[PDB]
Every structure is written in structure tokens, then in C-alpha cells.
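Asks: Any chance you could fold what I've pasted below:
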Amino acid sequence: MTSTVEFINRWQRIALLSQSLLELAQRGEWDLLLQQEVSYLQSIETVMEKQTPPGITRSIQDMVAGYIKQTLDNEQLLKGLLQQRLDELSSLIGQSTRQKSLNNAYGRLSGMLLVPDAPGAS
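Replies: Numbering: from 1, shown residues only. See below for the structure:
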């Protein structure tokens, strides 16, 4: 499950960075957001465009989805503070990539197991 550890480490990368950027933004350390900007955009797109691993458990599903939900809400408070727009900093695809991609991805993980077919929720 080395690819699954790497996958959880993908969503740890986004979760941890967005948490940092939340706290720092509230502290007025906007410079640190602008220095982490390209690092964060790099991270989030590397994660989205990287394939789902086979060896997932129920535990892994809830921790990954827990980190998706976490980074969505932290960075959403950021999005609202900055300009209210779902995409900010510099750009991903020029439009709200994050909302469409990570919320659909949440639904796919919750429905089948992160494949573009079955969306689900409890």
C-alpha cells in the first residue's frame, strides 16, 4: 500500500498547507501565503491529477475524506476572506477547479471509492 501511504500523504500535504495558510492569513502573514502560493497550487494539482490506489480500507476512506473536508473548509474561509471566489492566489485552470474537482472527488470516494462513476453520501 506504498501508493496509498503516498496518497494519504497527498491529502496530508493539502490539509496541512491550507491549515497553515488559514492561521497565517488571520495573523496578517499574507507574504507567507504568497511564498507558499506556487507550492500549494503545485501540491493540490499534483494530488488531483494522480490516480487513486487499489489498497484502501474503511479507515483510509474516512481519514482521506476527513482531510478533503478539512482543507475544503479551511481554504474556503481563506477564499471568502480574500475575494469570496472559489479559486484564488494565482490560478489552477483559470476557473474554480477546486470546488468542482475536490467536491466531486469527495462524492466519488464516498460513493464507489474515488472513481468518476458512483457519487454517494451518508
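Asks: going forward, measure contacts between C-alpha atoms and count neighbours the same way
Replies: Noted.
Asks: all helices of the chain, in order?
Replies: With DSSP state H as the criterion, the chain has helices at 2-26, 30-48, 58-82, 97-111.
Asks: and residue 118, which of those is closest to it?
Replies: Smallest distance to residue 118 across those (Cα to Cα): 5.2 Å, for helix 97-111.
Asks: Next, the spatially most distant residue from the centre of the chain: phi, psi?
Replies: Most distant from the centre of the chain: residue 28, at 22.7 Å, with distances by Cα atoms, centre = their mean. Backbone torsions for residue 28, taken as degrees, to the nearest 10, come to phi 90, psi 10.
Asks: With residue 91 as the reference, name the closest of the helices of the chain.
Replies: Closest among the helices of the chain, using Cα to Cα: helix 30-48, at 7.6 Å.
Asks: So which elements touch that closest one?
Replies: helix 2-26 (3 or more Cα pairs under 8 Å, 6 or more residues apart in numbering; DSSP states H and E).
Asks: Return the list of helices and strands in contact with the helix it packs on.
Replies: Taking 3+ Cα pairs under 8 Å, 6+ apart as contact, the helices and strands that helix 2-26 lies on are helix 30-48, helix 58-82.
Asks: chain center to the last one: distance?
Replies: Per Cα atoms, centre = their mean, to the nearest Å, the displacement of helix 58-82 from the mean C-alpha position of its chain is 6 Å.
Asks: which residues make contact with that helix from outside it?
Replies: 8, 11-12, 14-16, 18-19, 21-22, 25, 85-88, 102, 106, 109-110, 113 (Cα atoms under 8 Å, 6 or more residues apart in numbering).
Asks: So what's the residue count around residue 56?
Replies: Using other Cα atoms under 10 Å, residue 56 has 15 other residues around it.
Asks: so it makes contact with residue 4?
Replies: Yes - between residue 56 and residue 4 there is a contact under Cα atoms under 8 Å: 6.8 Å.
Asks: what touches both of the two?
Replies: Contact criterion Cα under 8 Å, 6+ apart; residues shared by residue 56 and residue 4: none found.
Asks: In CSV, list the helices of the chain along with mean neighbour count.
Replies: Shown next, in CSV, are the helices of the chain (neighbours: other Cα atoms under 10 Å):
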stretch, mean neighbour count
helix 2-26, 17
helix 30-48, 15
helix 58-82, 17
helix 97-111, 17
